[PDB]
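S.K.: Just one file: input.cif, with mmCIF, C-alpha atoms and all ligand atoms; chains and numbers go by the auth columns.
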data_my_file
#
loop_
_atom_site.group_PDB
_atom_site.id
_atom_site.type_symbol
_atom_site.label_atom_id
_atom_site.label_comp_id
_atom_site.label_asym_id
_atom_site.label_seq_id
_atom_site.Cartn_x
_atom_site.Cartn_y
_atom_site.Cartn_z
_atom_site.B_iso_or_equiv
_atom_site.auth_seq_id
_atom_site.auth_asym_id
ATOM 1 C CA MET A 1 -30.555 9.653 1.859 0.00 1 N
ATOM 2 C CA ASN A 2 -28.743 6.854 0.070 0.00 2 N
ATOM 3 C CA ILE A 3 -25.129 5.888 -0.697 0.00 3 N
ATOM 4 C CA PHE A 4 -24.884 8.251 -3.655 0.00 4 N
ATOM 5 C CA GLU A 5 -26.128 11.267 -1.676 0.00 5 N
ATOM 6 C CA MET A 6 -23.910 10.286 1.266 0.00 6 N
ATOM 7 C CA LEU A 7 -20.734 10.070 -0.791 0.00 7 N
ATOM 8 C CA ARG A 8 -21.617 13.225 -2.688 0.00 8 N
ATOM 9 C CA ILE A 9 -21.690 15.050 0.671 0.00 9 N
ATOM 10 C CA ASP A 10 -18.436 13.468 1.815 0.00 10 N
ATOM 11 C CA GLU A 11 -16.532 13.869 -1.485 0.00 11 N
ATOM 12 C CA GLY A 12 -17.931 16.961 -3.193 0.00 12 N
ATOM 13 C CA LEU A 13 -18.037 17.531 -6.936 0.00 13 N
ATOM 14 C CA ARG A 14 -15.153 19.101 -8.880 0.00 14 N
ATOM 15 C CA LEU A 15 -14.892 19.107 -12.682 0.00 15 N
ATOM 16 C CA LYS A 16 -11.125 19.800 -12.878 0.00 16 N
ATOM 17 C CA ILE A 17 -8.314 17.710 -11.511 0.00 17 N
ATOM 18 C CA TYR A 18 -7.560 18.633 -7.908 0.00 18 N
ATOM 19 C CA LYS A 19 -5.706 17.162 -4.969 0.00 19 N
ATOM 20 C CA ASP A 20 -7.677 15.208 -2.386 0.00 20 N
ATOM 21 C CA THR A 21 -7.076 15.373 1.339 0.00 21 N
ATOM 22 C CA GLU A 22 -4.057 13.012 0.959 0.00 22 N
ATOM 23 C CA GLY A 23 -2.560 15.210 -1.753 0.00 23 N
ATOM 24 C CA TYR A 24 -3.497 12.857 -4.588 0.00 24 N
ATOM 25 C CA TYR A 25 -4.869 13.841 -7.937 0.00 25 N
ATOM 26 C CA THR A 26 -8.631 13.306 -8.083 0.00 26 N
ATOM 27 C CA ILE A 27 -11.598 14.486 -10.090 0.00 27 N
ATOM 28 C CA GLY A 28 -15.380 14.327 -10.043 0.00 28 N
ATOM 29 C CA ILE A 29 -16.962 12.874 -6.921 0.00 29 N
ATOM 30 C CA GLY A 30 -13.932 11.437 -5.211 0.00 30 N
ATOM 31 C CA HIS A 31 -12.516 9.640 -8.242 0.00 31 N
ATOM 32 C CA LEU A 32 -8.855 9.004 -7.391 0.00 32 N
ATOM 33 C CA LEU A 33 -6.769 9.167 -10.567 0.00 33 N
ATOM 34 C CA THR A 34 -3.304 8.230 -9.296 0.00 34 N
ATOM 35 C CA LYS A 35 -0.963 8.478 -6.327 0.00 35 N
ATOM 36 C CA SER A 36 1.767 9.760 -8.635 0.00 36 N
ATOM 37 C CA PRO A 37 2.989 13.265 -8.068 0.00 37 N
ATOM 38 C CA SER A 38 2.953 13.745 -11.821 0.00 38 N
ATOM 39 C CA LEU A 39 0.050 15.780 -13.117 0.00 39 N
ATOM 40 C CA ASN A 40 0.769 14.354 -16.556 0.00 40 N
ATOM 41 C CA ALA A 41 0.347 10.824 -15.161 0.00 41 N
ATOM 42 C CA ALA A 42 -2.984 11.889 -13.625 0.00 42 N
ATOM 43 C CA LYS A 43 -4.075 13.464 -16.922 0.00 43 N
ATOM 44 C CA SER A 44 -3.313 10.259 -18.780 0.00 44 N
ATOM 45 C CA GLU A 45 -5.316 8.268 -16.262 0.00 45 N
ATOM 46 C CA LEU A 46 -8.235 10.672 -16.700 0.00 46 N
ATOM 47 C CA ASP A 47 -8.274 10.409 -20.498 0.00 47 N
ATOM 48 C CA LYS A 48 -8.222 6.645 -20.257 0.00 48 N
ATOM 49 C CA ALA A 49 -11.033 6.645 -17.686 0.00 49 N
ATOM 50 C CA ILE A 50 -13.309 8.849 -19.819 0.00 50 N
ATOM 51 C CA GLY A 51 -12.236 7.786 -23.298 0.00 51 N
ATOM 52 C CA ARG A 52 -11.377 11.161 -24.678 0.00 52 N
ATOM 53 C CA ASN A 53 -8.332 13.473 -24.431 0.00 53 N
ATOM 54 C CA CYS A 54 -9.452 15.706 -21.466 0.00 54 N
ATOM 55 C CA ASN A 55 -6.349 17.668 -20.412 0.00 55 N
ATOM 56 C CA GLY A 56 -7.783 17.714 -16.853 0.00 56 N
ATOM 57 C CA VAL A 57 -11.471 18.771 -17.231 0.00 57 N
ATOM 58 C CA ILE A 58 -14.687 16.744 -17.389 0.00 58 N
ATOM 59 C CA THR A 59 -18.426 17.418 -17.472 0.00 59 N
ATOM 60 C CA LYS A 60 -20.918 16.747 -14.635 0.00 60 N
ATOM 61 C CA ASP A 61 -22.384 13.828 -16.581 0.00 61 N
ATOM 62 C CA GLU A 62 -18.894 12.326 -16.863 0.00 62 N
ATOM 63 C CA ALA A 63 -18.229 12.851 -13.186 0.00 63 N
ATOM 64 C CA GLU A 64 -21.498 11.070 -12.374 0.00 64 N
ATOM 65 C CA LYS A 65 -20.614 8.240 -14.735 0.00 65 N
ATOM 66 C CA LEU A 66 -17.302 7.633 -12.925 0.00 66 N
ATOM 67 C CA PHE A 67 -19.094 7.923 -9.581 0.00 67 N
ATOM 68 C CA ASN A 68 -21.684 5.277 -10.463 0.00 68 N
ATOM 69 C CA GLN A 69 -18.892 3.003 -11.678 0.00 69 N
ATOM 70 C CA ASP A 70 -16.936 3.543 -8.491 0.00 70 N
ATOM 71 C CA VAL A 71 -19.922 2.860 -6.193 0.00 71 N
ATOM 72 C CA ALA A 72 -20.931 -0.239 -8.184 0.00 72 N
ATOM 73 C CA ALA A 73 -17.360 -1.530 -8.096 0.00 73 N
ATOM 74 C CA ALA A 74 -17.057 -0.877 -4.341 0.00 74 N
ATOM 75 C CA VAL A 75 -20.178 -2.943 -3.648 0.00 75 N
ATOM 76 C CA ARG A 76 -19.079 -5.689 -6.070 0.00 76 N
ATOM 77 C CA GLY A 77 -15.610 -5.789 -4.547 0.00 77 N
ATOM 78 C CA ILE A 78 -16.979 -6.004 -1.015 0.00 78 N
ATOM 79 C CA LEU A 79 -19.025 -8.991 -2.067 0.00 79 N
ATOM 80 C CA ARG A 80 -15.949 -10.692 -3.528 0.00 80 N
ATOM 81 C CA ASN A 81 -13.804 -10.007 -0.443 0.00 81 N
ATOM 82 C CA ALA A 82 -13.736 -12.785 2.088 0.00 82 N
ATOM 83 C CA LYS A 83 -13.306 -10.438 5.046 0.00 83 N
ATOM 84 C CA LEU A 84 -15.846 -7.823 4.036 0.00 84 N
ATOM 85 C CA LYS A 85 -18.609 -9.928 2.436 0.00 85 N
ATOM 86 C CA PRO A 86 -19.904 -11.556 5.655 0.00 86 N
ATOM 87 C CA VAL A 87 -19.912 -8.227 7.462 0.00 87 N
ATOM 88 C CA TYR A 88 -21.739 -6.504 4.576 0.00 88 N
ATOM 89 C CA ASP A 89 -24.352 -9.259 4.412 0.00 89 N
ATOM 90 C CA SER A 90 -24.875 -9.144 8.174 0.00 90 N
ATOM 91 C CA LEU A 91 -25.575 -5.413 8.177 0.00 91 N
ATOM 92 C CA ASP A 92 -28.835 -3.599 7.482 0.00 92 N
ATOM 93 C CA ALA A 93 -28.956 -1.446 4.359 0.00 93 N
ATOM 94 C CA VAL A 94 -28.104 1.841 6.170 0.00 94 N
ATOM 95 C CA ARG A 95 -25.053 0.419 7.894 0.00 95 N
ATOM 96 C CA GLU A 96 -24.001 -1.197 4.624 0.00 96 N
ATOM 97 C CA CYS A 97 -23.724 2.352 3.225 0.00 97 N
ATOM 98 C CA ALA A 98 -21.159 3.186 5.928 0.00 98 N
ATOM 99 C CA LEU A 99 -19.088 0.192 4.864 0.00 99 N
ATOM 100 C CA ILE A 100 -19.295 1.142 1.188 0.00 100 N
ATOM 101 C CA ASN A 101 -18.253 4.699 2.135 0.00 101 N
ATOM 102 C CA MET A 102 -15.120 3.417 3.902 0.00 102 N
ATOM 103 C CA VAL A 103 -14.170 1.214 0.939 0.00 103 N
ATOM 104 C CA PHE A 104 -14.723 4.147 -1.430 0.00 104 N
ATOM 105 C CA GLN A 105 -12.333 6.295 0.623 0.00 105 N
ATOM 106 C CA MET A 106 -9.591 3.873 1.610 0.00 106 N
ATOM 107 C CA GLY A 107 -9.965 0.828 -0.647 0.00 107 N
ATOM 108 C CA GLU A 108 -10.951 -2.739 0.102 0.00 108 N
ATOM 109 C CA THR A 109 -7.600 -3.836 1.479 0.00 109 N
ATOM 110 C CA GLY A 110 -7.560 -0.929 3.877 0.00 110 N
ATOM 111 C CA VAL A 111 -11.023 -1.616 5.218 0.00 111 N
ATOM 112 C CA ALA A 112 -10.431 -5.362 5.380 0.00 112 N
ATOM 113 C CA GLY A 113 -7.576 -4.594 7.729 0.00 113 N
ATOM 114 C CA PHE A 114 -9.973 -3.237 10.419 0.00 114 N
ATOM 115 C CA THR A 115 -10.232 -6.743 11.825 0.00 115 N
ATOM 116 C CA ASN A 116 -11.396 -5.850 15.302 0.00 116 N
ATOM 117 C CA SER A 117 -13.918 -3.282 14.213 0.00 117 N
ATOM 118 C CA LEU A 118 -15.319 -5.659 11.584 0.00 118 N
ATOM 119 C CA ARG A 119 -15.809 -8.302 14.265 0.00 119 N
ATOM 120 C CA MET A 120 -17.619 -5.857 16.538 0.00 120 N
ATOM 121 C CA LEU A 121 -19.845 -4.816 13.640 0.00 121 N
ATOM 122 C CA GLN A 122 -20.745 -8.368 12.779 0.00 122 N
ATOM 123 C CA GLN A 123 -21.510 -8.958 16.467 0.00 123 N
ATOM 124 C CA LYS A 124 -23.760 -5.866 16.423 0.00 124 N
ATOM 125 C CA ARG A 125 -21.809 -4.326 19.285 0.00 125 N
ATOM 126 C CA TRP A 126 -22.403 -0.911 17.837 0.00 126 N
ATOM 127 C CA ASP A 127 -21.028 1.390 20.537 0.00 127 N
ATOM 128 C CA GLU A 128 -17.910 -0.792 20.916 0.00 128 N
ATOM 129 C CA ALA A 129 -17.387 -0.815 17.144 0.00 129 N
ATOM 130 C CA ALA A 130 -17.720 2.970 17.020 0.00 130 N
ATOM 131 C CA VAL A 131 -15.059 3.387 19.755 0.00 131 N
ATOM 132 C CA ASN A 132 -12.736 1.059 17.943 0.00 132 N
ATOM 133 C CA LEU A 133 -13.195 2.589 14.484 0.00 133 N
ATOM 134 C CA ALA A 134 -11.999 5.974 15.761 0.00 134 N
ATOM 135 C CA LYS A 135 -8.625 4.568 16.864 0.00 135 N
ATOM 136 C CA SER A 136 -7.255 4.897 13.365 0.00 136 N
ATOM 137 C CA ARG A 137 -5.208 6.984 10.994 0.00 137 N
ATOM 138 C CA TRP A 138 -8.475 7.284 9.075 0.00 138 N
ATOM 139 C CA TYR A 139 -10.249 9.065 11.880 0.00 139 N
ATOM 140 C CA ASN A 140 -7.293 11.253 12.774 0.00 140 N
ATOM 141 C CA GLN A 141 -6.748 12.483 9.231 0.00 141 N
ATOM 142 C CA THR A 142 -10.439 12.987 8.305 0.00 142 N
ATOM 143 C CA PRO A 143 -12.188 13.208 11.696 0.00 143 N
ATOM 144 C CA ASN A 144 -15.407 14.929 10.696 0.00 144 N
ATOM 145 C CA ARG A 145 -16.090 12.583 7.805 0.00 145 N
ATOM 146 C CA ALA A 146 -15.116 9.576 9.932 0.00 146 N
ATOM 147 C CA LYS A 147 -17.452 10.815 12.675 0.00 147 N
ATOM 148 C CA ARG A 148 -20.323 10.830 10.187 0.00 148 N
ATOM 149 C CA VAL A 149 -19.540 7.340 8.943 0.00 149 N
ATOM 150 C CA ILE A 150 -19.104 6.049 12.495 0.00 150 N
ATOM 151 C CA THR A 151 -22.407 7.556 13.609 0.00 151 N
ATOM 152 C CA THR A 152 -24.036 5.756 10.698 0.00 152 N
ATOM 153 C CA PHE A 153 -22.549 2.459 11.889 0.00 153 N
ATOM 154 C CA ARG A 154 -23.402 3.156 15.538 0.00 154 N
ATOM 155 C CA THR A 155 -27.039 4.143 14.995 0.00 155 N
ATOM 156 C CA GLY A 156 -28.195 2.651 11.693 0.00 156 N
ATOM 157 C CA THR A 157 -29.689 6.040 10.931 0.00 157 N
ATOM 158 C CA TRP A 158 -28.851 8.921 8.649 0.00 158 N
ATOM 159 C CA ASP A 159 -28.702 11.423 11.520 0.00 159 N
ATOM 160 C CA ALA A 160 -25.128 12.514 10.680 0.00 160 N
ATOM 161 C CA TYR A 161 -26.074 13.357 7.047 0.00 161 N
ATOM 162 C CA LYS A 162 -29.619 14.677 7.397 0.00 162 N
ATOM 163 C CA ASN A 163 -29.379 18.322 6.580 0.00 163 N
ATOM 164 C CA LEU A 164 -26.091 18.292 4.721 0.00 164 N
HETATM 165 CL CL CL B . -11.691 4.190 -13.896 0.00 201 N
HETATM 166 CL CL CL B . -22.024 -1.993 22.038 0.00 202 N
HETATM 167 CL CL CL B . -11.533 -0.234 21.213 0.00 203 N
HETATM 168 CL CL CL B . -12.977 15.345 7.760 0.00 204 N
HETATM 169 RB RB RB B . -12.827 14.874 -2.078 0.00 205 N
HETATM 170 RB RB RB B . 2.789 17.684 -8.694 0.00 206 N
HETATM 171 RB RB RB B . -28.024 -7.290 4.534 0.00 207 N
HETATM 172 RB RB RB B . -12.659 6.764 -4.421 0.00 208 N
HETATM 173 RB RB RB B . -5.650 -6.929 10.403 0.00 209 N
#
Now, as a test, write the supplied structure out as structure tokens.
Ligand SMILES: [Cl-]
Ligand SMILES: [Cl-]
Ligand SMILES: [Cl-]
Ligand SMILES: [Cl-]
Ligand SMILES: [Rb+]
Ligand SMILES: [Rb+]
Ligand SMILES: [Rb+]
Ligand SMILES: [Rb+]
Ligand SMILES: [Rb+]

M.R.:
Amino acid sequence: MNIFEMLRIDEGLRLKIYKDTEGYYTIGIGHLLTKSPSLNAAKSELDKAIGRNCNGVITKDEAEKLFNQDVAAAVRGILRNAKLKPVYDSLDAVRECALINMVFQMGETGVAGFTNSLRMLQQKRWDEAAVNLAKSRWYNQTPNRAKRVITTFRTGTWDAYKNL
């Protein structure tokens, strides 16, 4: 297990534009295209992302290319974010994956807003952090995925992903 396998479990793989769990047009492995309700807007974003006129459909290789970009950019962005960088650097490599997963799903600003949970994580108060993380719109709207991520933070193991 690694961050790519983890996010592939949590996000799936779809080669045609679809709506994510917030109703937003997405493709590939959790690649958000736009929050606009316009499918045409989403299609334009897609073509720009891939560099060819797609009308909504990509290949697996293209999906993986966007996914690698998105993971790389999530890590890079964490390391440029004054709230998230110290927490990331304080965490072991398994727990870092949980933080990357959250940023992938909700964006850096969103994660950086979890001030109390971030503190508990940097203090290595794992059970306290896990309790606090669940008191969130995040957890309520995607509870099973949040449970997996939270277990990863609580334990520093892949137990919530091993056989998925
Ligand atoms: Cl992009
Ligand atoms: Cl604790
Ligand atoms: Cl709490
Ligand atoms: Cl879920
Ligand atoms: Rb998804
Ligand atoms: Rb629509
Ligand atoms: Rb580290
Ligand atoms: Rb994403
Ligand atoms: Rb905050």

S.K.: Please build the interface table for chain N against ligand CL 202 (chain N) with a cut-off of 8 Å, listing for each qualifying residue the nearest atom pair and the distance in Å to one decimal; count only C-alpha atoms and all ligand atoms, order rows by chain and increasing number, and write it as a tab-separated table.

M.R.:
residue	atom	partner	partner_atom	distance
N:124	CA	N:CL202	CL	7.0
N:125	CA	N:CL202	CL	3.6
N:126	CA	N:CL202	CL	4.4
N:127	CA	N:CL202	CL	3.8
N:128	CA	N:CL202	CL	4.4
N:129	CA	N:CL202	CL	6.8

S.K.: Could you write out as a VMD selection string the residues that the PyMOL selection byres (((chain N and resi 109) around 12) and not hetatm) matches in the shown file?

M.R.: chain N and resid 74 77 to 78 80 to 84 102 to 108 110 to 115

S.K.: How would you write, as a PDB file with C-alpha atoms, in the frame of the given file, the residues chosen by the PyMOL selection byres (((chain N and resi 14) around 8) and not hetatm) on this structure?

M.R.:
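Final output, saved to part27.pdb:
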ATOM      1  CA  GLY N  12     -17.931  16.961  -3.193  1.00  0.00           C
ATOM      2  CA  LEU N  13     -18.037  17.531  -6.936  1.00  0.00           C
ATOM      3  CA  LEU N  15     -14.892  19.107 -12.682  1.00  0.00           C
ATOM      4  CA  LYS N  16     -11.125  19.800 -12.878  1.00  0.00           C
ATOM      5  CA  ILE N  17      -8.314  17.710 -11.511  1.00  0.00           C
ATOM      6  CA  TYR N  18      -7.560  18.633  -7.908  1.00  0.00           C
ATOM      7  CA  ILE N  27     -11.598  14.486 -10.090  1.00  0.00           C
ATOM      8  CA  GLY N  28     -15.380  14.327 -10.043  1.00  0.00           C
ATOM      9  CA  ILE N  29     -16.962  12.874  -6.921  1.00  0.00           C
TER      10      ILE N  29
END

S.K.: At a cut-off of 7 Å and counting all atoms listed in the file, what residues surround ligand RB 206 (chain N)? Please answer as a list in words.

M.R.: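 Taking all atoms listed in the file into account, the residues around ligand RB 206 (chain N) at most 7 Å away are residues 37, 38 and 39 of chain N.
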
S.K.: I need the residues from that last selection saved to file as a short mmCIF file (atom, residue, chain, number, x, y, z; two decimals), in the coordinates of the input (with C-alpha atoms), if you can.

M.R.:
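As a result, result09.cif now contains:
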data_model
loop_
_atom_site.label_atom_id
_atom_site.label_comp_id
_atom_site.auth_asym_id
_atom_site.auth_seq_id
_atom_site.Cartn_x
_atom_site.Cartn_y
_atom_site.Cartn_z
CA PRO N 37 2.99 13.26 -8.07
CA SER N 38 2.95 13.74 -11.82
CA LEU N 39 0.05 15.78 -13.12
#

S.K.: Mind telling me what the PyMOL selection byres (((chain N and resi 49) around 12) and not hetatm) catches here, as an MDAnalysis selection string?

M.R.: chainID N and resid 26:28 31:34 42:48 50:54 56 58 62:63 65:67 69:70
